[PDB]
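Right, one structure below, let's go through it.
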Amino acid sequence: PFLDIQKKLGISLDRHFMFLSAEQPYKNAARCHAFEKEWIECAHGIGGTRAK
Amino acid sequence: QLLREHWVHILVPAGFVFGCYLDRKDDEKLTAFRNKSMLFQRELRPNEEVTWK
Amino acid sequence: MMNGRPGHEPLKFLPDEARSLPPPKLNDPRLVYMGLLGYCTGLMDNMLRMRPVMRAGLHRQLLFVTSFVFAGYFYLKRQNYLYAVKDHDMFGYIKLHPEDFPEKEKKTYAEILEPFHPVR
Amino acid sequence: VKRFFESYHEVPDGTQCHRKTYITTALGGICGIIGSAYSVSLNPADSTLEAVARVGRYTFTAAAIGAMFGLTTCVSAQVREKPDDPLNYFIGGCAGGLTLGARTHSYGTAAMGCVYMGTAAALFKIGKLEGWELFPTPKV
Amino acid sequence: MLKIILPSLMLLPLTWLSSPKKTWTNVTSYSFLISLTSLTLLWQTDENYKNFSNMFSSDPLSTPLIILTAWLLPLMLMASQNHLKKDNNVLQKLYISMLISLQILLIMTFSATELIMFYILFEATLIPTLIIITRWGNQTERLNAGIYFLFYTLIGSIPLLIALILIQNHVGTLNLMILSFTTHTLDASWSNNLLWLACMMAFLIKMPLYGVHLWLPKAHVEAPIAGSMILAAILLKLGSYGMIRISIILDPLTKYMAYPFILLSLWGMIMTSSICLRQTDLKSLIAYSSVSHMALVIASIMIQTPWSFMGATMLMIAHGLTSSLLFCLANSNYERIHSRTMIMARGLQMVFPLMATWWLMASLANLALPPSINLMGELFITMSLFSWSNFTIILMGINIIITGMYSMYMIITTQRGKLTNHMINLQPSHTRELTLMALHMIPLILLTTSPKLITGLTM
Amino acid sequence: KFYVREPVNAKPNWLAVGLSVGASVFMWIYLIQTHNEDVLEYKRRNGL
Amino acid sequence: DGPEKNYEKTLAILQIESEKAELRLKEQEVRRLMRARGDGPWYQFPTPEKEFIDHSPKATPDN
Amino acid sequence: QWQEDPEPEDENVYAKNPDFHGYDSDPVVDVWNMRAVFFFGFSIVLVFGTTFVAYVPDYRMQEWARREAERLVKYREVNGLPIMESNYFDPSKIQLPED
Amino acid sequence: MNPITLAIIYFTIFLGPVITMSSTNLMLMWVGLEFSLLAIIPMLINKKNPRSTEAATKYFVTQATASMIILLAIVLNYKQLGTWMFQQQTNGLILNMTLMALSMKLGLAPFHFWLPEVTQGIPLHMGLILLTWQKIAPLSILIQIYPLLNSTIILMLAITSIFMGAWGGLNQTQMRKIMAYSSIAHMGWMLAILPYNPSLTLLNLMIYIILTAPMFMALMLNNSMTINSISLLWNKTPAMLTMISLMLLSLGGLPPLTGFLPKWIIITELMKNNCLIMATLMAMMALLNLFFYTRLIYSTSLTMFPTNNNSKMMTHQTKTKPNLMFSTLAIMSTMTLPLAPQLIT
Amino acid sequence: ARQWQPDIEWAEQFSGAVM
Ligand SMILES: CCCCCCCCCCCCCCCCCC(=O)OC[C@H](COP(=O)([O-])OCC[N+](C)(C)C)OC(=O)CCCCCCCCCCCCCCCCC
Ligand SMILES: CCCCCCCCCCCCCCCCCC(=O)OC[C@H](COP(=O)(O)OCCN)OC(=O)CCCCCCCCCCCCCCCCC
């Protein structure tokens with residue numbers, strides 16, 4: 001986000017459904033749940049250029 | 001009452017003494033090389049602490 | 001371009017590391033110019049509302065000067081913090097990658113042969 | 001068409017003058033149909049017959065400018081046997097400007113086209129010799 | 001230098017806080033004190049350049065220009081305080097503010113140690129002279145003259161900014177002394193040629209070069225007297241100063257790239273002196289004389305000889321003083337007869353004897369009478385140009401002949417001859433304008449007596 | 001009474017004047033205070 | 001004050017401009033290298049957050 | 001026609017004030033502004049400033065370089081050394097490329 | 001217009017862009033833009049004149065088409081990557097859809113044909129709110145995706161934006177259309193500097209806003225609708241001609257005005273990324289922008305256009321329209337250039 | 001002697017919405 005009120009106050013208005021392994025109703029995992037789980041935790045903390 | 005009438009005559013002399021003041025601060029700032037220039041290496045006389053001010 | 005740095009607090013004005021910086025001396029050309037800008041703002045306000053330029057609204061001119069120096073001081077603290085962390089990250093990258101920044105051996109004017117171009 | 005416009009630069013200047021004239025005529029025709037489409041869309045004609053006539057006139061004019069520009073550039077380069085020289089492209093730019101002035105029927109536009117298109121083609125030559133980047137990727 | 005800048009800054013509160021019956025007196029007296037204060041920059045007892053601070057410095061070339069600007073500022077006030085008598089007090093104070101701001105910004109411009117600050121101050125001086133010309137000009141054409149002047153200068157100056165940013169990215173700091181010490185030879189490639197042309201074209205425009213000089217005659221014709229002073233005596237010399245500063249990083253390709261501009265300067269001074277022979281406007285004639293003299297300055301700066309640089313510096317100062325004096329005389333006649341026609345007023349030798357003496361001495365300075373600094377600059381420019389190429393003497397001699405021709409034609413048709421007896425409204429003389437005449441002529445005498453002050457960087 | 005209508009600025013707005021003076025003095029005290037503890041934090045963190 | 005004041009002030013000015021120039025050059029090279037391969041603090045382009053991934057057991061085992 | 005004021009005629013300023021000096025309309029400001037430009041322009045600048053720059057010593061080391069040249073001519077002529085060497089720099093301190 | 005609808009519409013106008021900046025989701029940025037559009041339509045049709053109806057209709061159809069191209073790009077990304085973010089490997093076709101839609105959101109050329117039309121026929125306050133507030137949320141989305149954009153089409157859009165804006169500003173006489181073409185040129189500058197550093201993009205946006213607000217305010221004081229109307233400002237309000245001249249010179253980018261600083265630092269980083277031809281063309285078109293600014297100054301301040309009889313009662317009456325915010329924004333838009341290192345991050 | 005200022009025709013050259 002361009003402004004980070006969301007990160008500053010700790011509230012999550014829309015950050016909990018960005019992607020497939022996010023909050024799912026009644027624990028029904030989306031398709032390719034583990035596969036993009038691996039993609040996020042590979043890319044976390046290394047930046048966009050290193051992620052590619 | 002004359003100091004009210006002719007108070008504008010001191011502004012330009014105030015700028016002159018202020019201009020000379022800030023120029024003195026410039027000499028204090030740009031003094032990384034007091035007595036370190038290789039052309040002016042002389043040992044300091046016993047009555048002085050700096051070569052120039 | 002520095003918003004993605006590690007340890008960056010989101011939407012933070014002056015973090016605690018900024019408190020390690022020297023504050024502005026409060027009588028410097030930047031804050032003096034900001035106060036003069038506030039005085040000019042008050043004078044302009046008086047002329048536009050068609051009052052005496054400096055004989056009217058002395059409290060307004062005072063508030064303009066105080067607000068301008070306040071904003072200038074805190075903005076100046078933030079900018080010195082930003083430039084400090086810019087130079088800090090630059091030097092940290094320099095020491096982190098020394099093979100990408102080799103110390104060149106600049107050679108004197110006894111073996112460098114610069115061309116001579118006569119003006120005749 | 002990217003491979004085509006790259007194949008323009010495959011050979012040094014003064015060689016395959018016919019190929020250079022053909023490719024620059026094609027590029028001028030593309031620029032002409034773009035400009036004519038913009039003209040007929042922004043300013044609509046009273047009928048489709050004169051609309052497509054205006055498209056044809058603009059396309060023919062731009063194609064003629066590109067054709068004689070590339071032709072004169074190549075022939076000047078091979079007559080002076082000096083391939084990488086911007087003055088050849090300046091001569092081509094004035095040839096394009098004189099074609100523009102002839103199609104517009106005004107010597108003032110002819111002279112302005114000479115000076116402006118000669119400068120543009122000369123700076124294009126300097127860019128393609130000394131590695132100028134028109135739309136660079138961000139590096140810093 | 002900062003002790004020069006600050007009291008000139010406080011001149012503006014003095015202007016806006018003085019009484020309406022004392023503003024002219026206070027500002028003129030304190031600007032005379034500014035000139036006296038700025039005279040201290042000639043204390044150069046050693047070869048090293050007076051680096052006052054990290055952003056201000058003085059040089060043997062920058063010092064006479066600063067002293068000249070500080071000297072013309074009270075002259076600008078004295079000449080302008082007659083056509084502003086039928087004027088509002090706020091507008092009078094605003095005009096004085098424009099003159100003081102021009103003086104301040106030009107002093108910082110000449111004392112600059114950084115080319116990008118030189119550019120910022122370049123447009124900072126570009127603004128208020130436009131304001132002066134457009135607001136206080138007399139005829140309809142002042143708006144067209146302001147447009148011509150402004151946009152010639154801007155279209156010149158943008159490629160200068162482009163080249164400055166590129167060379168700053170190339171070397172690192174763009175400071176004058178760092179450039180002068182770590183100067184690198186260019187590879188004489190096409191990109192370097194375009195870089196040279198970009199960084200030269202601004203100063204060549206504002207000199208002005210021949211062919212691009214069309215803004216100058218209309219600017220001086222439509223301008224008031226103070227605007228004519230500031231242009232013809234400071235801003236052309238500002239363009240020359242810019243070339244002398246920036247030419248040090250342009251070796252060696254300036255050797256061949258100087259060719260079209262030397263030719264343009266020589267033929268331009270020939271044709272502009274011809275215009276001075278055939279011109280029906282006094283202000284236009286003085287303006288075209290300024291174009292010819294600045295063409296000499298261009299030729300010297302382009303050939304890059306120590307004699308050429310020294311003669312360029314002395315011609316800078318001499319032409320600034322004598323052009324301001326000639327414009328002052330023309331403006332005095334203009335407030336007399338309310339007309340700028342060259343031929344209309346003829347027999348002023350009778351009615352104005354001492355003003356005719358000032359006319360004669362001004363034109364004698366104009367045609368480079370010995371041993372004046374006008375002749376010193378013109379002759380040393382001839383010396384360096386003849387060293388550069390022997391056939392420059394023909395064009396130089398034709399220019400000198402036509403220069404003497406138009407100066408004596410000015411004197412003969414404006415002072416000598418039968419008096420136009422229908423001109424009833426010929427006021428005898430003002431002590432104000434006569435004092436202005438003497439304050440223009442006496443520094444010429446003093447600089448003739450001691451020409452070592454204005455030699456410049458080289459010699 | 002000179003004017004035929006009462007001006008809106010005939011009498012000074014005393015609440016506005018008091019708020020202006022109070023805000024100015026409060027910001028001056030706050031500014032000098034933050035300058036002092038910034039100086040003290042500087043010296044206590046760098047040992048000066 | 002004499003020539004030595006101007007001489008040593010000029011030396012200080014030239015020094016300060018020299019470190020300013022060489023620091024600007026290294027700043028340009030650092031920015032170029034970081035844009036080429038972002039591995040320092042600057043130019044770290046965003047990435048979706050890891051902490052919004054469920055690790056609890058779900059309805060289907062094949063996840 | 002549009003309601004414009006007529007052209008103002010410039011009157012003879014010497015008619016009301018025969019001792020006019022060019023500076024301002026009323027005689028009191030006229031004579032004092034005259035006295036300012038003479039005392040601050042001619043008196044303290046054209047005389048004191050002329051005297052100040054007349055007594056600047058060793059302007060760009062001109063008098064020093066004459067005295068040092070006379071010293072060096074004295075030093076070289078009594079020892080057989082040439083007045084001027086052809087090379088400013090000693091060639092032993094310059095290492096030329098091998099080819 | 002009652003206070004209830006005034007509060008609802010103004011709060012939605014505020015809430016749209018704030019949602020767009022604060023929100024991570026492409027969906028929520030799209031709905032923030034949607035909020036801004038629906039909130040600002042009634043204030044364009046507030047005056048209920050046929051010109052206002054035309055402006056509202058043109059603005060609505062243009063903004064709706066741009067919103068749906070944005071939505072196409074968002075849904076195509078969500079199909080391709082399964083997320084709600086242009087992260088790193090989203091398709092260049094999708095990104096070009098986003099860029100075209102956001103450019104026609106903004107009103108820069110060749111999508112600029114509606115902006116003078118929309119800003120004409122509406123009151124000056126809503127032209128100000130449009131040309132300042134409505135161009136932050138598309139800039140928020142564009143700044144969010146700066147490294148992924150295609151620099152070629154970015155630079156081409158920018159340079160044609162500045163060319164068309166400069167030519168339109170030279171041609172037009174109406175003050176609202178002059179402001180629209182000035183807007184188009186400034187968005188060309190921001191769009192060009194966008195891929196290299198969004199910090200200078202935001203700096204130029206703030207400088208443009210703080211220059212455009214007080215000039216619009218000076219237009220509000222007398223509803224000076226035309227060059228003649230701003231020309232008799234010497235008889236209407238003579239104490240502001242100096243600030244009018246200074247604000248228009250700062251909009252032209254003459255040094256030492258602080259409006260020279262965004263153009264100067266943008267050109268500086270353009271040379272840092274080696275696009276000298278681009279920067280030179282942009283700077284000469286900025287000179288042309290300065291030309292029509294200088295002609296406006298010639299009309300309004302340096303010359304004194306003939307006045308009419310009823311301006312005597314205009315001088316008889318008194319006005320308190322110039323608010324407390326005008327002078328501060330004018331001074332920060334005029335004399336801020338020595339604070340350039342503090343303005344630049 | 002008076003400074004020229006715009007008249008009716010110079011003031012009317014700016015009206016017409018096209019210039
Ligand atoms: C007042 C005169 C106006 C017209 C003449 C202006 C100056 C003419 C010479 C300069 C070219 C134009 C300005 C660009 C300045 C570039 C300076 C520079 O950095 O050069 C090196 C650079 C080269 O970059 P480089 O030096 O980094 O090269 C790197 C080289 N290698 C890779 C080998 C290490 O040159 C350019 O980038 C030039 C691009 C110019 C593009 C724009 C041209 C437009 C047309 C010119 C005139 C336009 C206005 C007049 C129109 C008609 C009016 C009647
Ligand atoms: C620096 C940049 C200046 C830019 C313009 C400035 C304008 C404002 C000026 C304000 C006042 C500053 C005056 C500056 C020059 C002062 C002249 C001066 O006194 O020079 C010093 C000189 C003695 O110096 P010295 O070193 O002995 O001479 C060389 C010997 N090696 O002293 C002398 O020789 C004595 C001088 C005074 C005595 C009277 C001289 C009368 C000369 C009569 C000449 C007659 C012929 C004139 C022909 C003119 C033709 C046009």
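Ordered as shown in the structure tokens, chains take letters A, B, and onward, while each chain numbers its residues from 1 and ligands are numbered from 1 in the order shown.
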
Kindly provide, as a compact mmCIF listing (two decimals) with C-alpha atoms, in the first residue's frame, the residues of chain E having any atom no farther than 9 Å from an atom of chain I, counting only C-alpha atoms.
```
# COMPACT_ATOMS: atom_id res chain seq x y z
CA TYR E 119 22.70 28.96 -13.88
CA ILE E 120 20.16 29.46 -11.07
CA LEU E 121 21.40 33.02 -10.63
CA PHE E 122 21.45 33.41 -14.45
CA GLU E 123 17.68 33.03 -14.61
CA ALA E 124 17.37 34.89 -11.28
CA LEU E 126 16.72 37.01 -16.21
CA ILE E 127 13.43 37.64 -14.36
CA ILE E 131 9.81 42.90 -15.29
CA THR E 134 7.76 45.07 -19.74
CA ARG E 135 6.28 47.23 -16.98
CA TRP E 136 8.22 50.51 -17.25
CA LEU E 143 6.06 43.13 -24.70
CA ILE E 147 9.35 37.90 -25.23
CA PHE E 151 13.01 33.18 -24.97
CA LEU E 154 15.91 30.38 -22.26
CA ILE E 155 16.35 28.42 -25.50
CA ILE E 158 18.35 24.93 -21.36
CA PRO E 159 21.07 22.99 -23.29
CA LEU E 161 21.66 23.07 -18.02
CA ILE E 162 21.59 19.75 -19.89
CA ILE E 165 23.95 18.00 -15.41
CA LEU E 166 25.76 15.58 -17.72
CA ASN E 169 27.30 13.18 -13.43
```

Could you give me, as CSV, a per-residue list for chain H showing, wherever an atom lies at most 9 Å from an atom of chain C, the closest pair of atoms and their distance in Å to one decimal, using only C-alpha atoms and sorting by chain then residue number from low to high?
```
residue,atom,partner,partner_atom,distance
H:93,CA,C:110,CA,6.8
H:94,CA,C:110,CA,4.8
H:95,CA,C:111,CA,5.6
H:96,CA,C:111,CA,6.5
H:97,CA,C:111,CA,7.4
```

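Near range 8-15 of chain F, within a cut-off of 12 Å and counting only C-alpha atoms, sit the residues residues 49, 50, 51, 56, 57, 58, 59 and 60 of chain C; 1, 2, 21, 22 and 23 of chain F; 318, 319 and 320 of chain I, with same-chain residues fewer than 6 positions away left out.
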
**Prompt:** Taking only C-alpha atoms into account, what are the residues of chain I at most 9 Å from chain J, put as a list in words?
**Reply:**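 That gives the following set of residues: residues 170, 171, 172, 173, 174, 226, 227, 228, 231, 299, 303, 304, 305 and 306 of chain I.
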
**Message:** Please compute the CA of residue 27 in chain F-CA of residue 12 in chain C distance, one decimal, in Å.
**Reply:**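 A separation of 21.4 Å between them.
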
**Prompt:** Per DSSP on the backbone, what are the helix (DSSP H, G or I) residues of range 246-290 of chain I, as a PyMOL selection string?
**Reply:** chain I and resi 246-252+260-272+276-290

Take the selection from the previous step and output its residues with N, CA and C atoms, as a tab-separated table (two decimals), in the first residue's frame.
```
chain	number	residue	atom	x	y	z
I	246	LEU	N	4.39	35.84	-9.74
I	246	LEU	CA	5.34	34.90	-9.16
I	246	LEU	C	4.84	33.46	-9.25
I	247	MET	N	3.54	33.24	-9.03
I	247	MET	CA	3.00	31.89	-9.13
I	247	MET	C	3.04	31.38	-10.56
I	248	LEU	N	2.74	32.23	-11.54
I	248	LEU	CA	2.81	31.78	-12.92
I	248	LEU	C	4.25	31.58	-13.39
I	249	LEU	N	5.20	32.38	-12.88
I	249	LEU	CA	6.61	32.12	-13.18
I	249	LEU	C	7.10	30.83	-12.53
I	250	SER	N	6.61	30.52	-11.33
I	250	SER	CA	6.97	29.26	-10.69
I	250	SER	C	6.34	28.08	-11.43
I	251	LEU	N	5.13	28.26	-11.95
I	251	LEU	CA	4.53	27.25	-12.80
I	251	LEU	C	5.31	27.08	-14.09
I	252	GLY	N	5.92	28.16	-14.59
I	252	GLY	CA	6.79	28.05	-15.75
I	252	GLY	C	8.13	27.42	-15.48
I	260	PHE	N	10.90	25.61	-10.38
I	260	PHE	CA	12.00	25.13	-11.20
I	260	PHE	C	12.59	23.84	-10.64
I	261	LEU	N	12.50	23.66	-9.32
I	261	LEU	CA	13.11	22.51	-8.66
I	261	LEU	C	12.58	21.15	-9.11
I	262	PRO	N	11.25	20.92	-9.24
I	262	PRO	CA	10.83	19.59	-9.74
I	262	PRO	C	11.32	19.28	-11.14
I	263	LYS	N	11.23	20.24	-12.06
I	263	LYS	CA	11.72	20.03	-13.42
I	263	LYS	C	13.22	19.77	-13.41
I	264	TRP	N	13.96	20.53	-12.60
I	264	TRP	CA	15.41	20.41	-12.54
I	264	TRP	C	15.83	19.05	-11.98
I	265	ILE	N	15.22	18.60	-10.89
I	265	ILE	CA	15.65	17.33	-10.31
I	265	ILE	C	15.14	16.15	-11.13
I	266	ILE	N	13.99	16.30	-11.81
I	266	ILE	CA	13.52	15.26	-12.72
I	266	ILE	C	14.49	15.09	-13.87
I	267	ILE	N	14.91	16.21	-14.48
I	267	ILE	CA	15.90	16.17	-15.55
I	267	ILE	C	17.22	15.60	-15.04
I	268	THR	N	17.59	15.92	-13.80
I	268	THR	CA	18.82	15.39	-13.21
I	268	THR	C	18.80	13.87	-13.13
I	269	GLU	N	17.70	13.29	-12.65
I	269	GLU	CA	17.67	11.84	-12.59
I	269	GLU	C	17.44	11.20	-13.96
I	270	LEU	N	16.80	11.93	-14.89
I	270	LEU	CA	16.71	11.44	-16.26
I	270	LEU	C	18.09	11.31	-16.89
I	271	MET	N	18.99	12.26	-16.61
I	271	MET	CA	20.37	12.10	-17.06
I	271	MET	C	21.10	11.04	-16.26
I	272	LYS	N	20.70	10.83	-15.00
I	272	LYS	CA	21.27	9.73	-14.23
I	272	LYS	C	20.90	8.38	-14.84
I	276	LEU	N	18.84	11.48	-22.37
I	276	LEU	CA	19.11	12.90	-22.59
I	276	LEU	C	18.21	13.50	-23.66
I	277	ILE	N	17.91	12.73	-24.72
I	277	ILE	CA	17.02	13.19	-25.78
I	277	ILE	C	15.63	13.45	-25.21
I	278	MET	N	15.15	12.50	-24.39
I	278	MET	CA	13.86	12.62	-23.73
I	278	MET	C	13.80	13.88	-22.87
I	279	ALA	N	14.82	14.07	-22.03
I	279	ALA	CA	14.83	15.21	-21.12
I	279	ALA	C	14.91	16.54	-21.87
I	280	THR	N	15.68	16.58	-22.96
I	280	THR	CA	15.78	17.82	-23.74
I	280	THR	C	14.44	18.18	-24.38
I	281	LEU	N	13.76	17.19	-24.97
I	281	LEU	CA	12.46	17.46	-25.59
I	281	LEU	C	11.44	17.93	-24.54
I	282	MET	N	11.44	17.28	-23.38
I	282	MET	CA	10.59	17.68	-22.27
I	282	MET	C	10.89	19.09	-21.78
I	283	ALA	N	12.16	19.48	-21.73
I	283	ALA	CA	12.52	20.80	-21.23
I	283	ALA	C	12.12	21.90	-22.21
I	284	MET	N	12.29	21.67	-23.52
I	284	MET	CA	11.83	22.68	-24.48
I	284	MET	C	10.30	22.81	-24.49
I	285	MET	N	9.58	21.70	-24.32
I	285	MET	CA	8.13	21.85	-24.22
I	285	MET	C	7.73	22.54	-22.92
I	286	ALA	N	8.51	22.37	-21.85
I	286	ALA	CA	8.29	23.15	-20.64
I	286	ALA	C	8.54	24.64	-20.87
I	287	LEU	N	9.49	24.97	-21.74
I	287	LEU	CA	9.67	26.36	-22.14
I	287	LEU	C	8.44	26.89	-22.86
I	288	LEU	N	7.80	26.05	-23.67
I	288	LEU	CA	6.58	26.49	-24.36
I	288	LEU	C	5.43	26.72	-23.37
I	289	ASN	N	5.35	25.84	-22.36
I	289	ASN	CA	4.43	26.04	-21.24
I	289	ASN	C	4.67	27.39	-20.58
I	290	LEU	N	5.94	27.70	-20.32
I	290	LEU	CA	6.33	29.00	-19.78
I	290	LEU	C	5.95	30.13	-20.72
```

**Request:** Find the residues in chain B near chain G: any atom within 8 Å counts, using only C-alpha atoms. Write them as a list in words.
**Result:**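 Written out as asked, the residues are residues 27, 30, 31, 32, 33, 34, 35, 36, 37, 40, 52 and 53 of chain B.
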
Residues of range 4-116 of chain C that have any atom at most 8 Å from an atom of range 22-42 of chain G: could you tabulate them with the shortest-distance atom pair and the distance in Å to one decimal, using only C-alpha atoms, ordered by chain and increasing number, as a tab-separated table?
```
residue	atom	partner	partner_atom	distance
C:4	CA	G:42	CA	6.2
C:5	CA	G:41	CA	4.2
C:6	CA	G:41	CA	6.2
C:89	CA	G:41	CA	6.7
C:90	CA	G:30	CA	6.8
C:93	CA	G:40	CA	6.5
C:94	CA	G:30	CA	7.8
```

If you keep C-alpha atoms, can you produce a file of those selected residues as a compact mmCIF listing (two decimals), in the first residue's frame?
```txt
# COMPACT_ATOMS: atom_id res chain seq x y z
CA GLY C 4 11.87 -1.09 1.74
CA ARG C 5 14.87 -1.12 4.08
CA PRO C 6 14.92 -3.64 6.95
CA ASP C 89 23.29 2.27 4.08
CA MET C 90 25.72 3.42 1.37
CA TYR C 93 26.98 -1.63 1.23
CA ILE C 94 30.54 -0.46 0.50
```

**Prompt:** Quick one: which residues from chain C are at most 9 Å off chain F, using only C-alpha atoms, as a ChimeraX atom specification?
**Reply:** /C:19-26,59-60,62-67,69-70,73

**Request:** Please indicate the distance in Å from CA of residue 53 in chain G to CA of residue 16 in chain A, rounded to one decimal place.
**Result:**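 So the answer is 8.6 Å.
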
**Item:** Nearby residues (only C-alpha atoms) at most 12 Å from residue 245 in chain E, same-chain spacing under 2 positions excluded, as a VMD selection string
**Value:** chain E and resid 59 61 to 62 109 to 115 118 174 to 177 179 to 180 199 to 200 203 238 to 243 247 to 250 301 304 309 456 to 457

Go through chain D and flag each residue having an atom no more than 8 Å from ligand 1; for those, report the closest pair of atoms plus their distance in Å to one decimal, using only C-alpha atoms and all ligand atoms, ordered by chain and rising number, as a Markdown table.
```
| residue | atom | partner | partner_atom_place_in_ligand_line | distance |
| --- | --- | --- | --- | --- |
| D:116 | CA | ligand 1 | 52 (C) | 7.5 |
| D:119 | CA | ligand 1 | 45 (C) | 6.7 |
| D:120 | CA | ligand 1 | 45 (C) | 7.0 |
| D:123 | CA | ligand 1 | 40 (C) | 6.8 |
| D:127 | CA | ligand 1 | 23 (C) | 7.9 |
| D:130 | CA | ligand 1 | 33 (C) | 4.7 |
| D:131 | CA | ligand 1 | 32 (C) | 5.0 |
| D:132 | CA | ligand 1 | 32 (C) | 6.3 |
```

**Message:** For residue 118 in chain D, find every residue with an atom within 10 Å (counting only C-alpha atoms), except residues of its own chain fewer than 4 positions away, and show them as JSON, numbers by chain.
**Reply:** {"D": [69, 86, 87, 88, 89, 90, 91, 92, 93, 94, 95, 96, 97, 112, 113, 114, 122, 123, 124]}

Export of the given selection (C-alpha atoms) as a PDB file, in the first residue's frame:
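Saved as result.pdb:
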```
ATOM      1  CA  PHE D  69      14.895  10.195 -47.512  1.00  0.00           C
ATOM      2  CA  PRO D  86      25.829  12.253 -40.301  1.00  0.00           C
ATOM      3  CA  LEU D  87      25.909  14.666 -43.273  1.00  0.00           C
ATOM      4  CA  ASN D  88      24.497  11.927 -45.520  1.00  0.00           C
ATOM      5  CA  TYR D  89      21.492  11.647 -43.211  1.00  0.00           C
ATOM      6  CA  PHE D  90      21.249  15.451 -43.180  1.00  0.00           C
ATOM      7  CA  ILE D  91      21.010  15.403 -46.993  1.00  0.00           C
ATOM      8  CA  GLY D  92      18.378  12.675 -46.712  1.00  0.00           C
ATOM      9  CA  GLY D  93      16.488  14.746 -44.156  1.00  0.00           C
ATOM     10  CA  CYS D  94      16.361  17.698 -46.519  1.00  0.00           C
ATOM     11  CA  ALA D  95      15.223  15.361 -49.296  1.00  0.00           C
ATOM     12  CA  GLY D  96      12.360  14.306 -47.030  1.00  0.00           C
ATOM     13  CA  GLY D  97      11.660  17.939 -46.206  1.00  0.00           C
ATOM     14  CA  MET D 112      11.509  24.016 -42.498  1.00  0.00           C
ATOM     15  CA  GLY D 113      11.281  20.319 -43.327  1.00  0.00           C
ATOM     16  CA  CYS D 114      14.845  20.400 -44.666  1.00  0.00           C
ATOM     17  CA  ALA D 122      21.672  13.602 -38.144  1.00  0.00           C
ATOM     18  CA  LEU D 123      21.037  13.147 -34.412  1.00  0.00           C
ATOM     19  CA  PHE D 124      19.551   9.718 -35.180  1.00  0.00           C
TER      20      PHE D 124
END
```
